[PDB]
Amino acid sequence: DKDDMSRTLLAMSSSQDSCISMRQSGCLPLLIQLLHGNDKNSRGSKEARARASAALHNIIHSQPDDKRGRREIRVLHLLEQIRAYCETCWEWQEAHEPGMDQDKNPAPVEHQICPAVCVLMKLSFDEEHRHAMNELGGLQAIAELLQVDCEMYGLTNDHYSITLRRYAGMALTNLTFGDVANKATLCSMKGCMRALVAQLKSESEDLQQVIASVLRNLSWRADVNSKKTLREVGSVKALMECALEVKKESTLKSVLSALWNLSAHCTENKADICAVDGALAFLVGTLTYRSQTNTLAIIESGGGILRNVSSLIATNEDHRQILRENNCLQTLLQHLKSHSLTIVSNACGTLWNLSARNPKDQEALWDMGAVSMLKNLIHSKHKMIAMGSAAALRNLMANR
């Protein structure tokens, strides 16, 4: 196979500053492909990857002492420690495998790699470092460390385990932020994705938050393959299920912020939300919950999810009933009196879908006096409210 192209790439790297021309030639992406390549299993053997990272060391270390030349060495050094550690874990997994004679001396202790992943996490907050991690294949390395640990100790409560799970995740947050190509790469890592989604059931609500924002980022401006993957790994259902059980306000904020993105993808995701028991009641419950910090943060995200899923609820009487018995329609009208742009916009969008093709509720809105409230918002400064108002008014005026 292409084991040999790593032999030639290392040989080109060996000579005194001929690796300067290699980066010019664009060998870095080729090196990363041998080391992580999932551009689709384009990553070579262990002996092949040993050569690659070595050649990759030689090329980055054969630069001038520039500012960009010192970030790359600082970063690569850390990534090399992570890569080397991952090699310890993969060797353990192959040795402690079904059919394998488990009677020979190797276990990798997590505590040694946590300081290394800590630094990277902190550094990923800087754009310049992100750019460097990006061309050094940082994202994939950080992600590989995440998945391999979850695979080894599934949902443990060990402090040192949680910590690295939390660090790695926070870096993957920064690295996917605004980066369309990184959101795609991580989503293509199907093994790592399942690991992430699986951590939502962790008892650590600090970690659950570090999973929620990652899935939030991945669901923002996602490509078609990414939206497909996020759907397939059932992240939607997983999030909703952990939201029904989260205690901390911050954790909920994060979780709801992710679902709000995902609820805009497809009617398949909308249905997935509605399928979960008590989810709808929970959402309607959020329509009145005020947070300690950022008062209306949950009302906004809750009403937003509901605003999206309201399109489906309109077809279901049972789901309109769950909505009616948790006092939704009445709450949405009190939302119209709000001073918030987001809150009003959600209520209008929600009432839009709910006011049509159902006399059972559209008479209830009349008896609530919604007409005297919507006419206040037909001449508003934003169409979303204005069109949300008049269309709901049209649905009501049809039934007098």
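Numbering starts at 1 and runs along the sequence shown.
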Chain break class at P106/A107 - deposited residues not modelled: 1 to 3
Missing residues, deposited sequence, between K40 and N41 (class: none, 1 to 3, 4 to 9, 10 or more): 4 to 9
On average, are the C-alpha B-factors higher in 318 to 326 or in 261 to 269? 318 to 326
Mean Cα B factor from the PDB record: higher for 67 to 75, or higher for 95 to 103? 95 to 103
Chain-relative CA temperature factor third for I32: lowest
Please say which third, lowest, middle or highest, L312 falls into when its CA temperature factor is compared across its chain. highest
Among the chain's modelled residues, which third holds the C-alpha B-factor of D158? highest
For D277, does the deposited CA B-factor place it in the lowest, middle or highest third of the chain? highest
